[PDB]
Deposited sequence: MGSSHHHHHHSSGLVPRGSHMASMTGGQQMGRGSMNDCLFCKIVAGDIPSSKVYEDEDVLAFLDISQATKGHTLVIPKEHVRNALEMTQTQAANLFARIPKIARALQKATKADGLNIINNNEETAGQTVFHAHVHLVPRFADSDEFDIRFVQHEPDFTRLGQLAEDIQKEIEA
């Protein structure tokens, strides 16, 4: 596991905020210091087009309150961030006439995270894209699978 230990430690991982994180591009966008291509904003959340446009309409939805990623969120932070996502996604699909949509949150560098303020990608999909998720499949060993589930249950409890 990743090291912990801060005068601002959070119970759920990461740091509590003791106004914004420094050297955080997304905090600077929230503060209005740096411009973004905005599509939605309310008291808790900001959504803007991802400038790299993995597909047409690719959007990031971020909390205004800084948190590193979902691995470090409280249930309240996660509930607040995602409550807005269906409404934004419906609008994105309508505007782009998309056939489908992927919702993606990446946590830490091995999962592709490079900006350390939580962001949820909304990636419209068009029956055409160079965008893709490689979901490989394996045949389960049910005995090992049962033991893995037991191990994970232990950690929740």
Which bits of the deposited sequence have no atoms placed for their C-alpha? 1-13, 32, 142, 173
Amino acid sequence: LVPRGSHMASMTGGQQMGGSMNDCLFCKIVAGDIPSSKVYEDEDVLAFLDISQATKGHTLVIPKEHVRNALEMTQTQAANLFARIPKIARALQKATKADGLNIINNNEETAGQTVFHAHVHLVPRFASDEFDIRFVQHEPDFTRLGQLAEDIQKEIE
From here on, numbers count along this sequence of modelled residues.
Once average C-alpha B-factors are taken from the entry for 54-62 and 38-46, the winner is 38-46
The stretch carrying the higher mean Cα B factor in the deposited entry, 88-96 or 103-111, is 88-96
Pick out which of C24, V136, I133, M11 has the highest C-alpha B-factor in the PDB entry. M11
If you rank the chain by CA B-factor, which third does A127 end up in: lowest, middle or highest? highest
